[PDB]
Amino acid sequence: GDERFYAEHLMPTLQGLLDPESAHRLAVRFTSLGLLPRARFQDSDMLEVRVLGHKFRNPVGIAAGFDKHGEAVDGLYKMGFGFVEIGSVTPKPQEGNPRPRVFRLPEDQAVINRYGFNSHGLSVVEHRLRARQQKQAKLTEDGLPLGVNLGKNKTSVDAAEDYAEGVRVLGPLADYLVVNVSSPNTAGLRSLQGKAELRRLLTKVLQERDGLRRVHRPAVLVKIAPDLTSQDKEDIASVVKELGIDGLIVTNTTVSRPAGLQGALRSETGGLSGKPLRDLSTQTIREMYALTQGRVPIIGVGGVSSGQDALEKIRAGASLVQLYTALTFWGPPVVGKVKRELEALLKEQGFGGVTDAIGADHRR
Ligand SMILES: Cc1cc2nc3c(=O)[nH]c(=O)nc-3n(C[C@H](O)[C@H](O)[C@H](O)COP(=O)(O)O)c2cc1C
Ligand SMILES: COc1cccc(-c2ccc(NC(=O)c3ccsc3C(=O)O)c(F)c2)c1
Ligand SMILES: O=C(O)c1cc(=O)[nH]c(=O)[nH]1
C-alpha cells in the first residue's frame, strides 16, 4: 500500500460508496482476512515499552470499538499495532441502538457515534478468543499484548455484577482488562465514575480478578471520559491509589461539541472522536498523571493521527497510546506513519526511547 494512495484515493472512494457502519463492517472483514497493505515499517528497539507487566513492541495500539467482538485481532497485529484492545463486550448479546448510529464529520476529521454497546456477548467472544488462545500466548510473549474492554448490558440491574462476569469470563484470556465506565451512549454508565460507586465497583472487580489463577490474572485499568469535572478526576485518582488499580485509559469520546465544528452532522447525539477531541484528551492525561504522581500507567487515546500527536500524549504522561478515528480516515498506512514519525521525533528531541519521554513535560 501507500500512505498517499489510501488517503487520497482508496479511503475517499470507499467512504463515497458506503455509509459509515457498512464501511466499518467491511473494514473488520478485510482485516480479519489479512487483506492489508504491506506493513513496511520495522519496529525499532526505541519504540519498545515495558509496562502493565508486559513488553510492548511499539506503543501504538488500536482503541476499543474497532474490533468489538474480537474478530480481527491477528489482522490488527499484522497492520502494525503494538497491542490490540477488543470490546466493549457486554455479558449478554445486545443489538445496540437503531441505525444510523455513526456519522462522519469530514471537515473536522472527526466522527460521532452512538452504537450503544452492540455486542456478540461474553460467551461468543470467549470461544472466539479460546480458538486462538495459545497463538495469543506466543504473541504476548513476543511483545504484542491483548486487552479486553468490558461493558454492561442496557437492561442490567446490577452494573457491578456485569463487570464481575466479564472479569471471570474474559479475564483468563486477556493481558489487561478495561472497566469502561465512560461510554456516553449508555444511560447512567458514566455515573459509575463517582467516588462512592466507583470504589465499590472496582473493589468487586479487583476481587474477582485476584481470584483467577496466576497465569490467567490480567491487569485491570479504568477508562475515563474527557468530560469529567475537576472533582471527578480528583476522586478517580484517589480511588485508583487506594485500591491499587493497575492503570488508566484516557480518554473515551466526548459529549461536548467544541466551538468550531463544521460537519453538517455536528449536532447528532453521541460521542465525538478525532481531531476535535485530541487536546482535550491530552490535557486529561496530563492532569491524571499529576494527580497519580506518575505512578499509574496511562494509555493515552483521543485524536492521535501523527507522531507528534502520539509524542504529545507520551510527554503528557502516557506510557502507551491508541487510535481509531485516524484509521477511518487514512486507512492502515496511518499506523506505520505514526510509528515512523514518533521514532524520528524521539531522536530529534534527544530521547533514548519512548520510555525516556513518558511524562517528560512534567519534569521541565
Ligand atoms: C465508532 C466507535 C466506536 C467505539 N466503541 C467503543 C467501545 O465499545 N468501547 C470503548 O471503550 N471505546 C469505544 N470507542 C472510543 C475509542 O476507543 C476512543 O476512546 C476514542 O474514539 C478516542 O480515540 P480516537 O479519537 O483515536 O478515535 C469508540 C469510538 C468510535 C469512533
Ligand atoms: C484495503 O484497505 C483497507 C484494509 C483494512 C481496513 C480498511 C478500513 C476501511 C474503513 C474503515 N473505517 C471504519 O472502520 C469506520 C468506523 C467507524 S466510522 C468508519 C468510517 O469509515 O467512516 C477503517 F477503519 C479501515 C481498509
Ligand atoms: O458503543 C458505543 O456506542 C460506545 C461506547 C464507548 O465506550 N465509547 C463510544 O464512543 N461509543
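In each ligand, atom 1 is the first atom listed, and ligand 1 is the first ligand listed. These numbers come from the heavy atoms of this one structure, side chains and all, not from hydrogens, waters or symmetry mates. By convention here, the first residue in the shown sequence is residue 1.
Using a 4.0 Å cut-off between heavy atoms, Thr186 makes no contact with ligand 3 at all. With a heavy-atom cut-off of 4.0 Å, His24 does not touch ligand 1 at all. With a 4.0 Å heavy-atom cut-off, ligand 3 is reached by the side chain of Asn180 but not by its N, CA, C or O. Neither the backbone nor the side chain of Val111 comes within 4.0 Å of ligand 2, counting heavy atoms alone. Looking at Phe66 against ligand 1, nothing comes within 4.0 Å, counting heavy atoms. With a heavy-atom cut-off of 4.0 Å, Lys223 does not touch ligand 3 at all. When non-hydrogen atoms are compared, ligand 2 lies under 4.0 Å from the side chain of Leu36 (C-beta onward) but not from its backbone.
When side chains are defined from C-beta on, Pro226 counts as touching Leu277, because their heavy atoms get closer than 4.5 Å. A 4.5 Å side-chain heavy-atom check between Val179 and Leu192 finds every atom pair outside the cut-off.
Note on ligand 1: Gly87 sits in its first shell, one or more heavy atoms being nearer than 4.0 Å. Look at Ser183 and you'll find a heavy atom under 4.0 Å from some atom of ligand 3. Using 4.0 Å as the threshold, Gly116 has a heavy atom nearer than that to some atom of ligand 3.
Among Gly300, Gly116, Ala64, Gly61, the residue whose heavy atom sits closest to atom 17 (O) of ligand 1 is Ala64. Closest heavy-atom approach to atom 10 (C) of ligand 1 among the candidates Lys223, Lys68, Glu21: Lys223. When the options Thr251, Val181, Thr328, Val321 are ranked by their closest heavy atom to atom 19 (O) of ligand 1, first place goes to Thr251.
Among the atoms of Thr253, some N or O lies under 3.5 angstrom from an N or O of ligand 3. Below 3.5 Å of separation, one finds an N or O of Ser88 facing an N or O of ligand 1. Residue-to-ligand polar distances place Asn185 within reach of ligand 3: an N/O pair is separated by less than 3.5 Å. Ligand 1 has an N or O atom lying under 3.5 Å from an N or O atom of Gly274, backbone or side chain. In terms of N/O distances under 3.5 Å, ligand 1 is approached by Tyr324. Residue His24 places at least one N or O, backbone or side chain, under 3.5 Å from an N or O of ligand 2. Considering backbone and side-chain atoms together, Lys68 places an N or O closer than 3.5 Å to an N or O of ligand 3. Residue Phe117 places at least one N or O, backbone or side chain, under 3.5 Å from an N or O of ligand 3.
In this structure, atom 15 (C) of ligand 1 lies nearest to the protein heavy atom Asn252 OD1, 3.7 Å. Atom 23 (C) of ligand 2 has as its closest protein heavy atom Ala27 CB, 3.7 Å. At the top of the distance list for atom 20 (C) of ligand 2, counting protein heavy atoms only, stands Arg104 NE, 3.8 Å. With hydrogens left out, the protein atom closest to atom 27 (O) of ligand 1 is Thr325 OG1, 2.6 Å, a heavy atom.
Those atoms of ligand 3 with a heavy atom of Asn252 less than 4.0 angstrom away are 6 (C), 7 (O), 8 (N), 9 (C), 10 (O). Short contacts between ligand 1 and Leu277, defined as distances under 4.0 Å to a heavy atom of the residue, involve ligand atoms 22 (C). Atom numbering of ligand 1 starts at 1 in the shown order; those under 4.0 Å from a heavy atom of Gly302 are 22 (C), 23 (O), 25 (O). Residue contact check: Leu323 has heavy atoms under 4.0 Å from atoms 26 (O) of ligand 1. Atoms of ligand 3 found under 4.0 Å from any heavy atom of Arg114, numbered from 1 in the order shown, are 3 (O). Remark: ligand 1 atoms within the under-4.0 Å shell around heavy atoms of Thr253 are 20 (C), 21 (O). Interface of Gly303 with ligand 1, defined as ligand atoms under 4.0 Å from a residue heavy atom, comprises 24 (P), 25 (O), 26 (O). Using a 4.0 Å cut-off to heavy atoms of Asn149, the atoms of ligand 1 that qualify are 10 (C), 11 (O). Applying the 4.0 Å criterion to heavy atoms of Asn113 picks out, from ligand 3, the atoms 2 (C), 3 (O), 4 (C), 9 (C), 10 (O), 11 (N). For ligand 1, the atoms lying closer than 4.0 Å to a non-hydrogen atom of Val301 are 18 (C), 19 (O), 22 (C), 23 (O). Listed by number with element, the atoms of ligand 1 under 4.0 angstrom from any heavy atom of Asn180 are 9 (N), 10 (C), 11 (O).
Across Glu287, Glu312, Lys313, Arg315, a single residue satisfies side-chain hydrogen bond (donor to acceptor under 3.5 Å, both in side chains) together with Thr282, and that is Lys313.
Between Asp309 and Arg278 there is a salt bridge, since at least one side-chain N of the basic residue sits less than 4.0 Å from a carboxylate O of the acidic one. In this structure, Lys195 does not pair ionically with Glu234, as no charged nitrogen and carboxylate oxygen lie closer than 4.0 Å.
The environment of CZ in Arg213 is sparse: at most 12 heavy-atom neighbours from other residues, nucleotides or ligands sit within 6.0 Å. Applying the 6.0 Å contact sphere to CD of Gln349 captures more than 12 heavy atoms from other residues, nucleotides or ligands. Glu141 CD: 12 or fewer foreign heavy atoms inside a 6.0 Å radius.
For the 3.5 Å distance criterion, the side chains of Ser44 and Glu343 qualify, holding a donor opposite an acceptor. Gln193 and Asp232 are not linked by any side-chain donor-acceptor pair at a separation below 3.5 angstrom, with hydrogens and angles left out of the test. There is no side-chain donor-acceptor pair under 3.5 Å between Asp279 and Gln283.
At least one donor-acceptor pair closer than 3.5 Å links the side chain of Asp246 to the backbone N or O of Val220. The backbone N or O of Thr186 lies less than 3.5 Å from no partner atom in the side chain of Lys152, so there is not a single donor-acceptor pair. Of the possible polar contacts, none joining the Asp210 side chain to the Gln207 backbone as a donor-acceptor pair under 3.5 Å is found. A donor-acceptor pair under 3.5 Å is absent between the side-chain atoms of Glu268 and the main chain of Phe103, judged by distance alone.
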N/O donor to acceptor pairs below 3.5 angstrom from side-chain atoms of residues 49-57, sequence neighbours left out:
residue	atom	partner	partner atom	Å
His54	NE2	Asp175	OD1	3.4
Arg57	NH1	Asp142	O	3.0
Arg57	NH1	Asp142	OD2	2.7

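Judged as a ring pair (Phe, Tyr, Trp, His ring centres under 6.0 Å), the pairs with a partner in residues 341-364 (not counting sequence neighbours) are, in order, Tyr289-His362.
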Where do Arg130 and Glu126 land on the salt bridge (charged side-chain N to carboxylate O under 4.0 Å, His left out) test, with the steps shown first? CA-CA 6 Å; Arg130 282 184 171 182; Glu126 176 207 315; 3.1 Å; yes
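Using the six-membered ring where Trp is involved, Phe66 and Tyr324 have ring planes that are perpendicular, over 60° apart on the 30 and 60° scheme.
In this structure, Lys275 forms no cation-pi arrangement with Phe329, as its terminal cationic atom is not both closer than 6.0 Å to the ring centre and no more than 45° off the ring axis.
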